[PDB]
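K.L.:
Provided herewith is a single structure, encoded as structure tokens, for subsequent inquiry.
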Amino acid sequence: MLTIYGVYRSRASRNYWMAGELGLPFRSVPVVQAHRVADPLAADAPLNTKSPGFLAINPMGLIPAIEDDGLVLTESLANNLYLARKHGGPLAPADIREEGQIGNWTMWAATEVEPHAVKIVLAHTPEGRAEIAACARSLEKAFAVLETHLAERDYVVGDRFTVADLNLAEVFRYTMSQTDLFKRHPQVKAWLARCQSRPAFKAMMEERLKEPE
Amino acid sequence: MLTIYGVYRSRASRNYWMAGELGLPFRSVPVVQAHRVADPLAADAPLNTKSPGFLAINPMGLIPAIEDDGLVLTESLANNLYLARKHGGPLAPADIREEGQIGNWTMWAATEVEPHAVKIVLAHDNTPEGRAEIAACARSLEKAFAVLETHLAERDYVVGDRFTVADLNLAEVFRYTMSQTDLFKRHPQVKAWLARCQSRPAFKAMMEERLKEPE
Ligand SMILES: N[C@@H](CCC(=O)N[C@@H](CS)C(=O)NCC(=O)O)C(=O)O
Ligand SMILES: N[C@@H](CCC(=O)N[C@@H](CS)C(=O)NCC(=O)O)C(=O)O
């Protein structure tokens, strides 16, 4: 069985959604970020990223981690590529060419988009604008590239929803506060709505909503 | 024949090394960073990341890009995973579990090591307060070094007790940190692992070509 370590209000959401798309039963262990807990090492602290039990399985001290048949993996987007390769189905690459493409879009998201995106979710006056207008403009390159790629496509790879769309959608979810950025990239706007209208996404976010902020 | 776009004095070194490890024939197309070039769009300009001809290959305008039978891939570390998977041999994952592990280490390097590593090399290539800004980045890397150090206590390589694409990927990210001698001093197993990776003939041959390019 699959075990997923991490609260839904974290990058673990990427793995909960993927598991849902694949139809996998899983066990959720709601490990909390150590900064959202007042004194992480107290006996009555919630299970968190600085707990020795958790550090024994992910020495990096970050969520998510998943454990599948003894194998522990600790990188959210890569976790998803592994689940797709393992379990197959339409979300998985169908040939070596798609594997390259899916891998390429996933790493592009991780290195060129996520770092700026996540700062916006941290940010979320003239001072609040400048810090956001900086991270917003950074993303113009990324948005433009995806926008052009989606001119004649509904999905990034193989004319169907894949793990590449799922990985990307979750990174781009961090940017949704930037209304203006989406308005000038309508193909990305349409694509992200298309990804988020899926039942397994809805059902992930409903579980997520049950955790206090 | 594989085409690799990018000068060796770039992240394309990662793909040149990998191709060499795999014994793949490739065509090297030098593409420089547009900021190193006086007039990137002028007709006499060397091919660069802002050249329309190149932008038609990789719309992101970054190097490396590899082209394999029409398929264009544009993320150095992931390019190597693709090459390993396609061509096989001992650098490639032998099964789904190793694929998981090799993928995890690669994404860890990309998201958790490289950003700080890059800022070392960018400041170090290009002051009393300057030595303090670097120490901030150096401290952010302690975590990552410690984790790899622990993992290497009783391993010579990160996965499957042999040199794989995960080692090659990590080695190239960690090369960016080599100026930070105190960090390596305090993590002798990482230092020994890096030297072991760099002792390999394909790495030496990649660095020999690299050294021909001006700077
Ligand atoms: N690259 C990792 C990043 C993991 C990560 O940064 N996780 C955060 C939560 S979203 C965390 O656990 N932070 C620990 C803390 O700040 O206390 C991944 O994508 O899984
Ligand atoms: N994340 C990509 C992109 C790497 C990247 O940004 N490369 C640099 C040179 S190593 C570049 O293209 N610079 C061109 C410029 O922006 O001037 C990868 O790892 O392949």
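Convention: chains lettered A, B, ... in structure tokens order; per-chain residue numbering from 1; ligands numbered from 1 as shown.
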9 Å from ligand 1 is the threshold here; counting only C-alpha atoms and all ligand atoms, which polymer residues fall inside it? Answer as an MDAnalysis selection string.
P.N.:
(chainID A and resid 6:7 9:12 14 31:37 48:50 60:65 73:79 110 118) or (chainID B and resid 107:108 110:112)
K.L.:
Filtering to N, CA and C atoms, could you give me those residues as a compact mmCIF listing (two decimals), in the first residue's frame?
P.N.:
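Done, and the output landed in again-v7.txt:
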```txt
# COMPACT_ATOMS: atom_id res chain seq x y z
N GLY A 6 2.30 14.00 4.78
CA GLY A 6 2.19 15.43 4.60
C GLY A 6 0.76 15.88 4.68
N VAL A 7 0.59 17.09 5.22
CA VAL A 7 -0.68 17.78 5.30
C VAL A 7 -1.11 18.19 3.88
N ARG A 9 -2.53 20.95 2.99
CA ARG A 9 -2.10 22.33 2.80
C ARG A 9 -0.56 22.41 2.68
N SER A 10 -0.03 21.72 1.68
CA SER A 10 1.40 21.71 1.38
C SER A 10 1.55 21.13 -0.01
N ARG A 11 2.79 20.97 -0.46
CA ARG A 11 3.05 20.32 -1.74
C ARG A 11 2.58 18.88 -1.78
N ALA A 12 2.28 18.27 -0.64
CA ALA A 12 1.69 16.92 -0.63
C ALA A 12 0.41 16.81 -1.47
N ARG A 14 -0.06 17.69 -4.42
CA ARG A 14 0.31 17.15 -5.72
C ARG A 14 0.23 15.63 -5.74
N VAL A 31 1.51 15.01 8.45
CA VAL A 31 2.70 15.63 9.03
C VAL A 31 2.66 17.12 8.72
N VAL A 32 2.86 17.97 9.73
CA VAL A 32 2.78 19.42 9.54
C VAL A 32 4.15 20.08 9.40
N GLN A 33 4.22 21.15 8.60
CA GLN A 33 5.42 21.97 8.51
C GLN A 33 5.83 22.44 9.90
N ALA A 34 7.11 22.30 10.21
CA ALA A 34 7.64 22.64 11.54
C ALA A 34 7.50 24.11 11.91
N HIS A 35 7.43 25.00 10.92
CA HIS A 35 7.23 26.42 11.22
C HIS A 35 5.78 26.78 11.59
N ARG A 36 4.80 26.00 11.11
CA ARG A 36 3.39 26.20 11.50
C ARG A 36 3.06 25.64 12.89
N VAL A 37 4.04 25.02 13.55
CA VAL A 37 3.90 24.51 14.91
C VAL A 37 4.78 25.35 15.83
N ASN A 48 5.41 16.45 13.00
CA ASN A 48 5.86 17.52 12.13
C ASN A 48 7.20 17.22 11.49
N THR A 49 7.63 18.10 10.60
CA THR A 49 8.84 17.89 9.80
C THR A 49 10.15 17.86 10.59
N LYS A 50 10.13 18.28 11.85
CA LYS A 50 11.31 18.15 12.72
C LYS A 50 11.21 17.00 13.74
N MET A 60 15.77 15.09 4.80
CA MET A 60 15.64 16.48 4.34
C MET A 60 14.66 17.32 5.19
N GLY A 61 13.74 16.66 5.87
CA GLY A 61 12.84 17.35 6.79
C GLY A 61 11.79 18.15 6.04
N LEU A 62 11.32 17.61 4.93
CA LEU A 62 10.33 18.30 4.12
C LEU A 62 9.24 17.34 3.69
N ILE A 63 8.05 17.90 3.50
CA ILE A 63 6.93 17.14 2.97
C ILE A 63 6.65 17.61 1.53
N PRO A 64 6.17 16.70 0.68
CA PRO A 64 5.79 15.32 0.99
C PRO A 64 6.91 14.28 0.91
N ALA A 65 6.67 13.18 1.60
CA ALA A 65 7.40 11.95 1.34
C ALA A 65 6.32 10.94 1.06
N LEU A 73 10.29 8.19 -1.25
CA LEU A 73 10.60 9.24 -2.21
C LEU A 73 10.12 10.56 -1.64
N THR A 74 10.82 11.64 -1.98
CA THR A 74 10.75 12.87 -1.20
C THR A 74 10.79 14.14 -2.05
N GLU A 75 10.37 14.03 -3.30
CA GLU A 75 10.32 15.16 -4.21
C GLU A 75 8.99 15.13 -4.96
N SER A 76 8.12 16.08 -4.62
CA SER A 76 6.71 16.02 -5.00
C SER A 76 6.44 15.74 -6.48
N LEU A 77 7.11 16.46 -7.37
CA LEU A 77 6.81 16.34 -8.80
C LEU A 77 7.37 15.05 -9.34
N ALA A 78 8.56 14.68 -8.85
CA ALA A 78 9.21 13.44 -9.26
C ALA A 78 8.45 12.25 -8.70
N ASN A 79 7.87 12.40 -7.51
CA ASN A 79 7.04 11.36 -6.93
C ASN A 79 5.94 11.01 -7.90
N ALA A 110 9.69 22.87 -12.28
CA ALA A 110 10.43 22.84 -11.02
C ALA A 110 11.52 23.90 -10.95
N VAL A 118 6.13 30.05 -5.74
CA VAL A 118 6.03 29.80 -4.30
C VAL A 118 6.19 31.07 -3.45
N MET B 107 15.83 15.37 -8.93
CA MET B 107 14.93 16.47 -8.62
C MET B 107 15.37 17.20 -7.34
N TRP B 108 15.89 16.44 -6.38
CA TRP B 108 16.48 17.02 -5.18
C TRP B 108 17.64 17.98 -5.52
N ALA B 110 18.18 19.51 -8.37
CA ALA B 110 17.63 20.62 -9.16
C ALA B 110 16.92 21.65 -8.33
N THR B 111 16.15 21.20 -7.34
CA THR B 111 15.31 22.09 -6.55
C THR B 111 15.93 22.50 -5.22
N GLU B 112 16.84 21.68 -4.72
CA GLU B 112 17.30 21.81 -3.34
C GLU B 112 18.79 22.17 -3.24
```
K.L.:
What does the list of residues within 9 Å of ligand 2 look like if you count only C-alpha atoms and all ligand atoms, written as a PyMOL selection string?
P.N.:
(chain A and resi 107-108+110-112) or (chain B and resi 6-7+9-14+31-36+48-50+60-65+73-79+110)
K.L.:
Residues as selected, N, CA and C atoms, written as a compact mmCIF listing (two decimals), in the first residue's frame, can you do that?
P.N.:
```txt
# COMPACT_ATOMS: atom_id res chain seq x y z
N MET A 107 10.40 19.21 -15.15
CA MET A 107 11.63 19.87 -14.70
C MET A 107 11.63 21.38 -14.99
N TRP A 108 11.04 21.76 -16.11
CA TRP A 108 10.84 23.16 -16.46
C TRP A 108 10.01 23.87 -15.38
N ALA A 110 9.69 22.87 -12.28
CA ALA A 110 10.43 22.84 -11.02
C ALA A 110 11.52 23.90 -10.95
N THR A 111 12.17 24.18 -12.08
CA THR A 111 13.33 25.06 -12.07
C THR A 111 13.03 26.48 -12.56
N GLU A 112 12.08 26.63 -13.49
CA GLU A 112 11.81 27.94 -14.10
C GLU A 112 10.54 28.63 -13.60
N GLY B 6 24.60 24.29 -27.27
CA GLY B 6 25.15 25.00 -26.13
C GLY B 6 26.66 24.85 -26.06
N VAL B 7 27.35 25.92 -25.67
CA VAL B 7 28.77 25.82 -25.37
C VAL B 7 29.02 24.91 -24.15
N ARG B 9 31.01 25.67 -21.73
CA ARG B 9 30.99 26.54 -20.55
C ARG B 9 29.54 26.93 -20.23
N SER B 10 28.73 25.90 -20.01
CA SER B 10 27.33 26.07 -19.66
C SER B 10 26.85 24.77 -19.07
N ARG B 11 25.58 24.74 -18.71
CA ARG B 11 24.95 23.51 -18.26
C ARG B 11 24.95 22.42 -19.32
N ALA B 12 25.26 22.75 -20.57
CA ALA B 12 25.34 21.73 -21.62
C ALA B 12 26.47 20.72 -21.36
N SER B 13 27.44 21.11 -20.54
CA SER B 13 28.51 20.21 -20.08
C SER B 13 27.94 18.92 -19.53
N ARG B 14 26.79 19.04 -18.85
CA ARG B 14 26.05 17.90 -18.33
C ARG B 14 25.65 16.90 -19.41
N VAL B 31 26.25 27.49 -28.76
CA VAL B 31 25.25 28.52 -28.58
C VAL B 31 25.65 29.21 -27.30
N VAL B 32 25.91 30.51 -27.38
CA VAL B 32 26.31 31.24 -26.19
C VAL B 32 25.14 31.95 -25.57
N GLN B 33 25.36 32.35 -24.34
CA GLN B 33 24.44 33.15 -23.59
C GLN B 33 24.42 34.56 -24.23
N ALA B 34 23.22 35.07 -24.53
CA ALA B 34 23.06 36.33 -25.26
C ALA B 34 23.69 37.53 -24.56
N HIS B 35 23.80 37.45 -23.24
CA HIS B 35 24.42 38.54 -22.47
C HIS B 35 25.96 38.61 -22.61
N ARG B 36 26.59 37.53 -23.09
CA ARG B 36 28.03 37.53 -23.38
C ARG B 36 28.37 38.17 -24.75
N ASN B 48 23.28 32.33 -30.48
CA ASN B 48 23.06 32.61 -29.09
C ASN B 48 21.60 32.43 -28.69
N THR B 49 21.35 32.53 -27.39
CA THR B 49 20.06 32.21 -26.81
C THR B 49 18.95 33.14 -27.27
N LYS B 50 19.30 34.26 -27.89
CA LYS B 50 18.30 35.16 -28.43
C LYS B 50 18.22 35.11 -29.95
N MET B 60 12.25 28.72 -24.99
CA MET B 60 12.67 29.27 -23.70
C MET B 60 13.96 30.09 -23.82
N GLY B 61 14.72 29.86 -24.89
CA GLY B 61 15.92 30.67 -25.12
C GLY B 61 16.96 30.36 -24.06
N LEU B 62 17.06 29.08 -23.71
CA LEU B 62 18.09 28.65 -22.78
C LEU B 62 18.79 27.42 -23.29
N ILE B 63 20.00 27.26 -22.79
CA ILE B 63 20.84 26.14 -23.13
C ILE B 63 21.09 25.34 -21.86
N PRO B 64 21.24 24.02 -21.99
CA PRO B 64 21.26 23.27 -23.24
C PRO B 64 19.90 22.94 -23.82
N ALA B 65 19.92 22.59 -25.10
CA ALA B 65 18.83 21.88 -25.72
C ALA B 65 19.47 20.71 -26.43
N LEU B 73 14.53 18.64 -26.33
CA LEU B 73 14.47 18.62 -24.86
C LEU B 73 15.40 19.69 -24.30
N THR B 74 14.94 20.38 -23.27
CA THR B 74 15.54 21.66 -22.90
C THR B 74 15.80 21.84 -21.41
N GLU B 75 15.96 20.74 -20.68
CA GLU B 75 16.28 20.79 -19.24
C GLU B 75 17.44 19.85 -18.94
N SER B 76 18.60 20.44 -18.70
CA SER B 76 19.85 19.69 -18.67
C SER B 76 19.75 18.36 -17.92
N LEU B 77 19.24 18.39 -16.70
CA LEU B 77 19.28 17.21 -15.83
C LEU B 77 18.30 16.17 -16.30
N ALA B 78 17.11 16.62 -16.71
CA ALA B 78 16.12 15.74 -17.27
C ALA B 78 16.54 15.18 -18.63
N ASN B 79 17.30 15.96 -19.41
CA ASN B 79 17.82 15.49 -20.68
C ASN B 79 18.65 14.23 -20.44
N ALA B 110 18.18 19.51 -8.37
CA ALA B 110 17.63 20.62 -9.16
C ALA B 110 16.92 21.65 -8.33
```
K.L.:
Give me the residues near residue A:150 as a list in words, where near means some atom within 9 Å (using only C-alpha atoms) and where sequence neighbours in that chain fewer than 6 positions away do not count.
P.N.:
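Here the answer would be residues 156, 187, 188 and 191 of chain A.
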K.L.:
I'd like the contact shell of residue B:189 - 10 Å cut-off, only C-alpha atoms, skipping same-chain residues fewer than 3 positions apart - returned as a compact mmCIF listing (two decimals) with N, CA and C atoms, in the first residue's frame.
P.N.:
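Final file, result21.txt:
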```txt
# COMPACT_ATOMS: atom_id res chain seq x y z
N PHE B 145 24.38 19.11 1.98
CA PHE B 145 25.65 18.40 2.10
C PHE B 145 25.53 17.33 3.17
N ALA B 146 24.97 17.69 4.32
CA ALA B 146 24.82 16.75 5.43
C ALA B 146 24.02 15.52 5.04
N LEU B 148 23.57 14.29 1.99
CA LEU B 148 24.30 13.48 1.04
C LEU B 148 25.45 12.77 1.76
N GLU B 149 26.08 13.46 2.69
CA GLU B 149 27.15 12.88 3.51
C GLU B 149 26.67 11.62 4.27
N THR B 150 25.52 11.72 4.93
CA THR B 150 24.92 10.59 5.63
C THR B 150 24.64 9.45 4.65
N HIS B 151 23.95 9.76 3.56
CA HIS B 151 23.68 8.76 2.53
C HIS B 151 24.94 8.03 2.02
N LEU B 152 26.08 8.72 2.01
CA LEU B 152 27.34 8.17 1.50
C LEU B 152 28.22 7.51 2.57
N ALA B 153 27.73 7.42 3.80
CA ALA B 153 28.54 6.86 4.86
C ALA B 153 29.04 5.47 4.44
N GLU B 154 28.15 4.66 3.87
CA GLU B 154 28.51 3.30 3.45
C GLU B 154 28.13 3.03 1.99
N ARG B 155 28.20 4.07 1.17
CA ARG B 155 28.00 3.97 -0.29
C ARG B 155 29.03 4.83 -1.01
N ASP B 156 29.45 4.38 -2.18
CA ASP B 156 30.37 5.13 -3.01
C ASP B 156 29.62 5.97 -4.04
N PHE B 184 33.41 21.28 1.75
CA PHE B 184 33.92 19.97 1.35
C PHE B 184 34.83 19.36 2.41
N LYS B 185 35.60 20.19 3.08
CA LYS B 185 36.45 19.72 4.16
C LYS B 185 35.58 19.03 5.22
N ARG B 186 34.44 19.62 5.54
CA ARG B 186 33.60 19.13 6.64
C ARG B 186 32.72 17.98 6.23
N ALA B 192 35.05 12.88 -1.43
CA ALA B 192 35.52 11.63 -2.04
C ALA B 192 34.59 11.16 -3.15
N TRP B 193 33.27 11.28 -2.96
CA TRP B 193 32.31 10.92 -4.01
C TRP B 193 32.47 11.81 -5.25
N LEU B 194 32.64 13.11 -5.05
CA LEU B 194 32.82 14.00 -6.19
C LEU B 194 34.10 13.69 -6.97
N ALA B 195 35.19 13.43 -6.25
CA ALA B 195 36.48 13.11 -6.91
C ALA B 195 36.39 11.83 -7.73
```
K.L.:
Within 8 Å of stretch 159-166 of chain A, counting only C-alpha atoms, which residues show up once you throw out same-chain ones fewer than 5 positions away? Write them as number ranges by chain, please.
P.N.:
A: 14, 18, 80-81, 84, 90-93, 102-103, 105-106, 153-154, 195
K.L.:
Write the residues you've just listed into a file as an mmCIF file, in the first residue's frame, and include N, CA, C and O atoms for each of them.
P.N.:
```
data_model
loop_
_atom_site.group_PDB
_atom_site.id
_atom_site.type_symbol
_atom_site.label_atom_id
_atom_site.label_comp_id
_atom_site.auth_asym_id
_atom_site.auth_seq_id
_atom_site.Cartn_x
_atom_site.Cartn_y
_atom_site.Cartn_z
ATOM 1 N N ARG A 14 -0.064 17.691 -4.424
ATOM 2 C CA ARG A 14 0.313 17.148 -5.719
ATOM 3 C C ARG A 14 0.228 15.627 -5.738
ATOM 4 O O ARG A 14 -0.226 15.038 -6.728
ATOM 5 N N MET A 18 -2.590 13.024 -7.520
ATOM 6 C CA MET A 18 -2.088 11.984 -8.409
ATOM 7 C C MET A 18 -2.610 10.614 -8.011
ATOM 8 O O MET A 18 -3.081 9.856 -8.860
ATOM 9 N N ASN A 80 5.351 12.040 -8.501
ATOM 10 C CA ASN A 80 4.272 11.862 -9.447
ATOM 11 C C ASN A 80 4.690 11.137 -10.731
ATOM 12 O O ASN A 80 3.938 10.284 -11.225
ATOM 13 N N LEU A 81 5.873 11.454 -11.264
ATOM 14 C CA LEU A 81 6.392 10.751 -12.431
ATOM 15 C C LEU A 81 6.603 9.268 -12.132
ATOM 16 O O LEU A 81 6.371 8.410 -12.988
ATOM 17 N N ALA A 84 3.211 7.492 -11.977
ATOM 18 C CA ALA A 84 2.691 7.260 -13.329
ATOM 19 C C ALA A 84 3.446 6.137 -14.026
ATOM 20 O O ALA A 84 2.848 5.290 -14.688
ATOM 21 N N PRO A 90 -3.672 6.213 -18.686
ATOM 22 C CA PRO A 90 -3.529 7.346 -19.613
ATOM 23 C C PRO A 90 -2.633 8.495 -19.102
ATOM 24 O O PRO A 90 -2.060 9.228 -19.918
ATOM 25 N N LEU A 91 -2.499 8.655 -17.784
ATOM 26 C CA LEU A 91 -1.656 9.726 -17.258
ATOM 27 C C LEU A 91 -0.162 9.494 -17.496
ATOM 28 O O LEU A 91 0.623 10.430 -17.436
ATOM 29 N N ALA A 92 0.225 8.250 -17.747
ATOM 30 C CA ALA A 92 1.632 7.900 -17.893
ATOM 31 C C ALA A 92 2.128 8.182 -19.297
ATOM 32 O O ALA A 92 1.339 8.236 -20.241
ATOM 33 N N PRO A 93 3.448 8.354 -19.455
ATOM 34 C CA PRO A 93 3.961 8.427 -20.814
ATOM 35 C C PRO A 93 3.642 7.147 -21.553
ATOM 36 O O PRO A 93 3.761 6.079 -20.970
ATOM 37 N N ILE A 102 7.353 14.712 -21.031
ATOM 38 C CA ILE A 102 6.733 14.819 -19.733
ATOM 39 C C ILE A 102 7.772 15.164 -18.702
ATOM 40 O O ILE A 102 7.537 16.006 -17.832
ATOM 41 N N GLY A 103 8.924 14.517 -18.813
ATOM 42 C CA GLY A 103 10.057 14.830 -17.971
ATOM 43 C C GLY A 103 10.516 16.266 -18.156
ATOM 44 O O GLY A 103 10.844 16.928 -17.195
ATOM 45 N N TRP A 105 8.745 19.036 -19.349
ATOM 46 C CA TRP A 105 7.771 19.957 -18.767
ATOM 47 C C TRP A 105 7.815 19.956 -17.243
ATOM 48 O O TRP A 105 7.748 21.004 -16.614
ATOM 49 N N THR A 106 7.946 18.785 -16.644
ATOM 50 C CA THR A 106 8.017 18.691 -15.182
ATOM 51 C C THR A 106 9.226 19.426 -14.582
ATOM 52 O O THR A 106 9.094 20.162 -13.602
ATOM 53 N N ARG A 153 -3.362 23.134 -28.646
ATOM 54 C CA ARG A 153 -3.472 21.982 -27.746
ATOM 55 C C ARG A 153 -4.296 22.333 -26.516
ATOM 56 O O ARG A 153 -4.236 23.458 -26.023
ATOM 57 N N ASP A 154 -5.040 21.350 -26.017
ATOM 58 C CA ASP A 154 -5.757 21.450 -24.749
ATOM 59 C C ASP A 154 -4.887 20.975 -23.594
ATOM 60 O O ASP A 154 -5.122 21.359 -22.451
ATOM 61 N N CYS A 195 -7.761 21.653 -16.170
ATOM 62 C CA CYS A 195 -7.153 20.734 -15.205
ATOM 63 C C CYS A 195 -7.913 20.673 -13.875
ATOM 64 O O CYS A 195 -8.123 19.591 -13.315
#
```
K.L.:
Taking only C-alpha atoms into account, which residues of chain B are within 6 Å of chain A, as an MDAnalysis selection string?
P.N.:
chainID B and resid 75 82 100 104
K.L.:
Applying 10 Å and only C-alpha atoms, which residues near residue A:121 remain after dropping the ones on its own chain fewer than 2 positions away? List them as a list in words.
P.N.:
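Skipping anything fewer than 2 positions along the chain leaves residues 116, 117, 118, 119, 123, 124, 173, 174, 175, 176 and 177 of chain A.
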K.L.:
Store the residues of this selection in a file with C-alpha atoms, as a PDB file, in the first residue's frame.
P.N.:
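Saved file part-v7.pdb follows:
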```
ATOM      1  CA  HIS A 116       8.942  32.418  -8.283  1.00  0.00           C
ATOM      2  CA  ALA A 117       5.461  30.966  -7.876  1.00  0.00           C
ATOM      3  CA  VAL A 118       6.035  29.798  -4.295  1.00  0.00           C
ATOM      4  CA  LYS A 119       7.211  33.298  -3.238  1.00  0.00           C
ATOM      5  CA  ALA A 123       3.620  36.856  -0.027  1.00  0.00           C
ATOM      6  CA  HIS A 124      -0.083  35.940  -0.081  1.00  0.00           C
ATOM      7  CA  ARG A 173      -2.023  27.072  -8.806  1.00  0.00           C
ATOM      8  CA  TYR A 174       0.465  29.100  -6.712  1.00  0.00           C
ATOM      9  CA  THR A 175       0.186  31.972  -9.221  1.00  0.00           C
ATOM     10  CA  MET A 176      -3.628  32.226  -9.298  1.00  0.00           C
ATOM     11  CA  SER A 177      -3.699  35.344  -7.107  1.00  0.00           C
TER      12      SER A 177
END
```
K.L.:
Could you check which of A:29, A:171, A:181, A:192 is closest to residue A:113, using only C-alpha atoms?
P.N.:
A:171
K.L.:
Extract, using only C-alpha atoms, all DNA, RNA and protein residues at most 12 Å from stretch 197-203 of chain B, discarding same-chain residues fewer than 3 positions from it, and format them as a ChimeraX atom specification.
P.N.:
/B:8,13-24,156-158,162-172,174-175,190-194,206-210
K.L.:
DSSP says strand (DSSP E or B) for which residues of stretch 33-181 of chain B? Put them as a list in words?
P.N.:
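Going through stretch 33-181 of chain B, the strand (DSSP E or B) residues come out as residues 48, 65, 66, 67, 68, 71, 72 and 73 of chain B.
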K.L.:
Could you turn the residues from that selection into a file that holds N, CA and C atoms, as a JSON list (two decimals), in the first residue's frame?
P.N.:
```json
[["chain", "number", "residue", "atom", "x", "y", "z"],
["B", 48, "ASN", "N", 23.28, 32.33, -30.48],
["B", 48, "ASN", "CA", 23.06, 32.61, -29.09],
["B", 48, "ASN", "C", 21.60, 32.43, -28.69],
["B", 65, "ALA", "N", 19.92, 22.59, -25.10],
["B", 65, "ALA", "CA", 18.83, 21.88, -25.72],
["B", 65, "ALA", "C", 19.47, 20.71, -26.43],
["B", 66, "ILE", "N", 18.80, 19.58, -26.39],
["B", 66, "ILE", "CA", 19.19, 18.47, -27.22],
["B", 66, "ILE", "C", 18.07, 18.18, -28.20],
["B", 67, "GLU", "N", 18.45, 17.77, -29.41],
["B", 67, "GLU", "CA", 17.49, 17.35, -30.42],
["B", 67, "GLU", "C", 17.83, 15.93, -30.85],
["B", 68, "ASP", "N", 16.84, 15.06, -30.74],
["B", 68, "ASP", "CA", 16.97, 13.68, -31.08],
["B", 68, "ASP", "C", 15.82, 13.31, -32.02],
["B", 71, "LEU", "N", 12.73, 15.39, -31.73],
["B", 71, "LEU", "CA", 12.38, 15.65, -30.34],
["B", 71, "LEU", "C", 13.39, 16.61, -29.72],
["B", 72, "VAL", "N", 12.91, 17.79, -29.31],
["B", 72, "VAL", "CA", 13.74, 18.79, -28.64],
["B", 72, "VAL", "C", 13.46, 18.80, -27.12],
["B", 73, "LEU", "N", 14.53, 18.64, -26.33],
["B", 73, "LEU", "CA", 14.47, 18.62, -24.86],
["B", 73, "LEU", "C", 15.40, 19.69, -24.30]]
```
K.L.:
May I have all residues of stretch 118-196 of chain B that DSSP, computed from the backbone, assigns to helix (DSSP H, G or I), given as a PyMOL selection string?
P.N.:
chain B and resi 118-125+130-151+165-175+181-185+188-196
K.L.:
Please compute the atom CA of residue B:101-atom CA of residue B:85 distance, one decimal, in Å.
P.N.:
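Going from atom CA of residue B:101 over to atom CA of residue B:85 covers 13.8 Å.
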K.L.:
Choose the residue, out of A:140, A:170, A:179, A:120, that has the smallest atom-to-atom separation from residue A:201; count only C-alpha atoms.
P.N.:
A:170
K.L.:
Please, what distance in Å, to one decimal, runs between atom CA of residue A:88 and atom CA of residue A:20?
P.N.:
13.6 Å
K.L.:
Provide the atom CA of residue A:17 to atom CA of residue A:167 distance in Å, to one decimal place.
P.N.:
9.8 Å
